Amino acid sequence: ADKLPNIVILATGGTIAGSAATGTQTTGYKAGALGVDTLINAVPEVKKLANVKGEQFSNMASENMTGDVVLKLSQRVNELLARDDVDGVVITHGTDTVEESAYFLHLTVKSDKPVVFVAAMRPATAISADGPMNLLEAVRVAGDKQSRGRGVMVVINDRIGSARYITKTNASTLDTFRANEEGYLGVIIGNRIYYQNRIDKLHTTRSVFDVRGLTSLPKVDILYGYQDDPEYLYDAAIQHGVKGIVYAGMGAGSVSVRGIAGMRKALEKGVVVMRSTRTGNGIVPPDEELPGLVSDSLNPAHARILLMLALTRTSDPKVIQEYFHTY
């Protein structure tokens, strides 16, 4: 029959559910202070777009989001997407680490039904808050049949970005989420969805990563690259038992003599080293003369997520590298 699609709104917190003393206060707010019900009733317009059910998964600032919690989130979403009574899901999340949580599910959700992450740069109590409209757009995207099989998406500021390329580029602006080199999957203007691209990477239903029946993930830390970068930080990470290290290198994953010494100690202890870049965009090309693997176009935050997942399936450097060139 012809009816509204069933959409589940899984809330986890963030500024979209945050609040402040006044409406002119755009900073210094308490993220995750509003229930999913509060948000839904704020935009009753969504009712006209679909049959929505709110579910409070958690209510925290995204900076406190952890791998174990994200792992649980992926499992719950897989549970929901399995039901014939669920057409898609919308996940309210904080903007700070949404690219990390979104990319994790992008790789582990075994369904082509739309999984849409939504966020807000201004608190719900702010003048001209962006949450209401973003939420409304997220629902329209999750309920549209065109949205299936496109991988996990992030909806905000009228844009639809792929979890694989989208990233928070600005610390405090509404238009912070961009994919400089890759663009948006589509845009929402005048309540109409305009799809532009389909990412040419593996994801969701065609991903080899399955975290169902998984308690925890391999430990992976991120080290920065800069003039005078200390060798002792590598020592600290190795000692606390990291399984992998993502290096946010200078330029195209360039390493100083101190970083090179630190990386070899790591390779010696069976620790996998992934060279990425601190620049923000671009491809870190292969270089047989430098230690470790290369992150392709994945930024540090994204690389870590994929490295953690890769280690749950293999230790083979050659296999992990290809993962980074295809996911």
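Sequential numbering from 1, following the sequence displayed. The term rigid core refers to the maximal set of C-alpha atoms that superpose within 1.5 Å between the two forms.
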- If you line up the core and then measure how far each C-alpha sits from this form in 5 other deposited structures of this protein, which stretch comes out higher, 308-316 or 11-19? 11-19
- Query: Following superposition on the rigid core, is the mean squared CA displacement, expressed as RMS, greater for 34-42 or for 255-263 in 5 other deposited structures of this protein?
  - Reply: 34-42
- Note on the structure: Comparing mean C-alpha B factor in the record for 157-165 and 210-218, the higher one is 210-218
- Query: Do the CA atoms of 177-185 or those of 88-96 have the higher mean B-factor in the entry?
  - Reply: 88-96
- Which listed residue, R83, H106, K243, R140, has the largest C-alpha temperature factor in the record? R83
- Message: Highest recorded C-alpha temperature factor, please, choosing from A301, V294, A50, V272.
- Response: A50
- Task: Taking the values exactly as deposited, rank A11 by C-alpha B-factor within its chain and report the matching third: lowest, middle or highest.
- Result: middle
- Task: Comparing against every modelled residue in the chain, figure out the third that the C-alpha B-factor of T277 lands in (lowest, middle or highest).
- Result: lowest
- Message: By the recorded C-alpha temperature factor, relative to the other modelled residues in its chain, which third is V69 in?
- Response: middle
- Task: Just say lowest, middle or highest third for the CA B-factor of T205 relative to the other modelled residues in its chain.
- Result: middle
- What third of its chain's C-alpha B-factors does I305 belong to: lowest, middle or highest? lowest
